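Colleague:
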Amino acid sequence: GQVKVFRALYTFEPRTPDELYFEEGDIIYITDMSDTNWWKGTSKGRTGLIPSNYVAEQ
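Residue numbers (this note's numbering): 757 to 814.
1) Where do the ends of the beta strand (DSSP E) carrying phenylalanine 762 lie?
2) Let me know the secondary structure DSSP gives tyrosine 810 once reduced to three states.
3) Check each candidate in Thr767, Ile784, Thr803 and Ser790 and name the one with the smallest Cα separation from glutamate 775.
4) According to DSSP, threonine 798 sits in a beta bridge with which residue or residues?
5) Using DSSP's beta-bridge definition, name the partner residues of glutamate 775.
What follows is the structure, encoded as structure tokens:
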């Protein structure tokens, strides 16, 4: 149930269908941060994995 709020530093094009698309400046809602590099979250209607070096906490 926890949610943390991040903003994208850069646009990210998914490498695989498990990964989440987002554009620079978008808000990303993160619901799993158990891995250092790849987090689960949601942005604008889609869900998937995001690279944690592409985001900054809001």
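C-beta: ideal position from N, C-alpha, C; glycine also.
Modeller: If we stick to the structure as given:
1) If you look at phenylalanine 762, you'll find it in the beta strand (DSSP E) that goes 760-764.
2) Three-state result, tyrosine 810: helix.
3) Checked all of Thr767, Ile784, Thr803 and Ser790; the closest Cα to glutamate 775 is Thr803.
4) Partner(s): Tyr785 and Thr803.
5) Residue pairing by DSSP places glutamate 775 opposite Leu805 in a beta bridge.
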